[PDB]
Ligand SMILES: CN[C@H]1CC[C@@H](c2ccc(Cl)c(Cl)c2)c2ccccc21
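Single chain ahead, written as structure tokens, the form solved without this ligand.
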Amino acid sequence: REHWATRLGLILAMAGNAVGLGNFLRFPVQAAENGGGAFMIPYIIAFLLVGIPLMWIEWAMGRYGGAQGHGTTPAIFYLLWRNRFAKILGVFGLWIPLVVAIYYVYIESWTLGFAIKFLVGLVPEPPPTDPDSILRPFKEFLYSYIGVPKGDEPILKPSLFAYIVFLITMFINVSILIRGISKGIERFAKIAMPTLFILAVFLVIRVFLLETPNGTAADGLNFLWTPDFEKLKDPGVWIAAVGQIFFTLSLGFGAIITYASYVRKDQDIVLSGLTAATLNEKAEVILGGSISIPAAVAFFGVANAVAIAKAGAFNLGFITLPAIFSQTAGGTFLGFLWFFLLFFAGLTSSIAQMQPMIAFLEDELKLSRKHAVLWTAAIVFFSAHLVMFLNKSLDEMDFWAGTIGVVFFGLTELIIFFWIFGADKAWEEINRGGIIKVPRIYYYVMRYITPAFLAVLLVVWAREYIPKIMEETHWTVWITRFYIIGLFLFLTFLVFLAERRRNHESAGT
């Protein structure tokens, strides 16, 4: 079985897993929508009580499962908890990460397409001072790229370039995955992470220099870092903060587990886990917060920036920032570095999203890596057509798998690992082999605070958001729901085949 060759590579691979589009796209928007500094207090708390605890828990299960030759939750759940129900719960460990990859890789392909176009100077030229006039040409460029409907019908007609760049993106993903863990993911992580950090720092540095009548980058940083206590009371802010934590640390997607399963049995996961998590937060707040938010603040002021963050998830990243850059000298080249940074950030994450499916096929159905990677690519590529051609299909997948699903899965794995599996056995399993021990306080957080914290959050979440689901929405959302439900059923079938194949092999001994 594959193991990480070096500790640096392991750390960088886990860091590349955690550090992605969420760092540079989702965080700034999430922070801005929720009062900037108001977002931070709950955010830090979420990181201490949930992000860190769940991070270690997943590392343990991965390493534990890996030792017995299993890297995914359907089997791992069964090992910690000997019930048929545990396997079915385990399907989410394959389903959630697979659904996420489907739309995530597509967004990743945009960054590649924009990066390529920005390099070659195939970008819109705004008139050289109105806000609408400079943003409109860029909104056009993005809308034309992904084929946003010019009509009532909810159908996307993306360009040939976009579709072709998507193929290339898939190819690049497959080419890294097909080499494997040590020679594939690990090799790329060492070259990709340093490149990513250098690009980000340069952009951060360049963004600070941004100066305008409207404001400065420093104005943007103070808004982000200044804390407001009144906002903390609202449930909404805590919901957003916790949602970002799961998404950024890749928790509850079963992806950390698959990666962890490749760590050797007695190899440290305590310090390694913390370092990778520490790297993502530094990338997310120090780098992510600094580029997107402060750039918009300088040019537009705080109020407008918040308005920009509210407008859309991709508005700031694909429309506003590129438009702000266009004014600046060498702006187009600066746009290329931004999108190129995004592409590497996403590339490192997407390979992690597809690995669990790949691991399952290898681990449970005994498929070769070539076949496992190619079939997985096929399912993701084919499925991605719904996200490419059906309007709002992306959002639906993101809400179910990227939002609701992960919080449920995080709590479920925490309960199985601690309550059902036994808190003490789980404690030894986590701390064992660690360069440093987990603080004694965290034992109680994991066993009591974290599960109680998440349970309440889900309940509050349910009360307000549940009425909305199916109460009122466009009928086209059912197409997505129907398809992803079908995926879960299809994945359940493979688990069924895996359990039965194993039975035939057992009788054969």
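Note that residue numbering follows the sequence shown and begins at 1.
What comes next is about the form deposited with this ligand bound, which is not displayed.
Of the residues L394, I416, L224, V285, just one reaches this ligand in the deposited bound form with a heavy atom at 4.5 Å or closer; this is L394. Of the candidates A313, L274, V204, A218, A313 is the one whose heavy atoms come within 4.5 Å of this ligand in the deposited bound form; the others do not. For the three marked residues, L21, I107 and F247, a heavy atom of each sits within 4.5 Å of this ligand in the deposited bound form. This ligand is not drawn, but in the deposited bound form it has a heavy atom within 4.5 Å of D398.
The closest heavy atom approach of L25 to this ligand in the deposited bound form falls within 4.5 Å.
Using a 4.5 Å cutoff between non-hydrogen atoms, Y103 counts as a contact of this ligand in the deposited bound form.
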